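Just the one chain here, the form deposited in one PDB entry, laid out as structure tokens.
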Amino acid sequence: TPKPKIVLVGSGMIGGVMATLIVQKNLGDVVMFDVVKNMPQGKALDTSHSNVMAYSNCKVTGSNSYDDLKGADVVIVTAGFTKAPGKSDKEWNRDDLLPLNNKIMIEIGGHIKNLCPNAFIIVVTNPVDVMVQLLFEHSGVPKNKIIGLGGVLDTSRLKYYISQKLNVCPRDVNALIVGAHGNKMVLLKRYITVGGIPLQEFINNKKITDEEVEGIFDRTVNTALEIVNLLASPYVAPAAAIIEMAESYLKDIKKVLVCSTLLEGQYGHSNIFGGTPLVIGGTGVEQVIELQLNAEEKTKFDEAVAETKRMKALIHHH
């Protein structure tokens, strides 16, 4: 009543798993949009069959037309990059791709503005804390209707690694990672709990050492790289985190989830997006929650936003 419409702008690795998880959870009709011909149509056809196994009823269709954004309730943006003939088979980077992905966000933004200005938008394209603000600018949606992936995914690694050292259920570890997604993400040792108990109690109990925690911190920061070196850019956990955020919206669950949001003085920053706990409910972002960071913690946050500002200033670089 009447079945949510979710459009995946970008139907690559992450898009594929998202469509799969949507059908599993019966969350809404799915449009798998991509600029690549035939590929989304093929994945959508395959995925549509799994409705039988799942006892679900979600239409899954593939598209190469922006017209299919019309009426979307949720839009998830993983579109970007690319690569070209050069110049391989690893020549890609980062800094150079900022003008390229800025231009994809402008194109997507104008189409959202015209075809689904009331959608809830989740941005994924890297660097996410930059790209989400770019989409916000060009789509014209309210600040409470657009967020970026980061904290849900980054904290899942930290939560996971601790739970395995302490031999508890992974979701029984709670942790906050703030500021930005990426190498300057702020891991807050102070805010780690295990079954609601401060982590420092398990350190005092010699269940885990401070050296073991810092080991886990660096592993968390470096997880993307670790997986890229075994395989490629991670996509199962990012999809799961994005679906957890979209479901909180679609089912009005009001989960506290760390995501990238427009900062309006929080942490002393403005005119910029960054990672902070927020509450996602049926109206979008319902609350932005500002952690009461000490001096030393605020310095780390400042560094994260500074890096986002650095990259944002490169969208017209040559």
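In case it trips you up, residue 1 is the first one in the sequence shown, and so on. So that the term is clear: the rigid core is the largest set of C-alpha atoms that superpose within 1.5 Å between two forms.
- Which wins on mean Cα temperature factor, 104-112 or 199-207? Taking the mean B-factor of the alpha carbons in each, 199-207 is higher.
- Message: Can you tell me whether 293-301 has a higher mean C-alpha B factor than 11-19 in this record, or the other way round?
- Response: Mean CA B-factor is higher for 293-301.
- Query: Looking at 151, 182, 170, 148, which has the highest Cα B-factor in the entry?
  - Reply: Comparing C-alpha B-factors across 151, 182, 170, 148, the maximum falls on 182.
- Message: If I read the C-alpha B-factors straight from the PDB entry, which of 277, 268, 40, 28 is highest?
- Response: Of the options given, 268 has the highest CA B-factor in the PDB entry.
- Message: Using only modelled residues of the chain, where does the Cα B factor of residue 238 rank: lowest third, middle third or highest third?
- Response: It falls in the bottom third of the chain.
- Looking at the C-alpha B-factor of residue 139, is it in the lowest, middle or highest third of its chain? Highest third - that is where residue 139 ends up once the chain's C-alpha B-factors are sorted.
- Query: Which third, lowest, middle or highest, does the CA B-factor of residue 262 fall in along this chain?
  - Reply: According to the entry, residue 262 has a C-alpha B-factor in the chain's middle third.
- Would you mind checking where the Cα B-factor of residue 245 ranks among the modelled residues of its chain, as the lowest, middle or highest third? It falls in the bottom third of the chain.
- Message: Considering every modelled residue of the chain and its Cα B-factor in the PDB entry, is residue 218 in the lowest, middle or highest third?
- Response: It belongs to the middle third of the chain when residues are ordered by C-alpha B-factor.
What comes next is about the form deposited in another entry, which does not appear here.
- Query: Of 160, 235, 92, 217, which is the single residue whose C-alpha shifts by 2 angstroms or more between the shown form and the other one after core superposition?
  - Reply: Spelled out, the residue whose C-alpha shifts by 2 Å or more is 92.
- Item | residue 82 C-alpha shift between the shown form and the other one of 2 Å or more, rigid core reference | Passes the 2 Å threshold, so yes.
- Task: Could you tell me whether residue 90 and residue 79 have their C-alpha atoms closer or farther apart in the other entry than in the shown form, knowing the shift is 3 angstroms or more?
- Result: Farther apart, which means the C-alphas of residue 90 and residue 79 are at least 3 Å more distant in the other entry.
- Against the shown form, C-alpha atoms of residue 226 and residue 84 in the other entry: closer or farther, for a change of 3 Å or more? Their C-alpha distance shrinks by at least 3 Å in the other entry.
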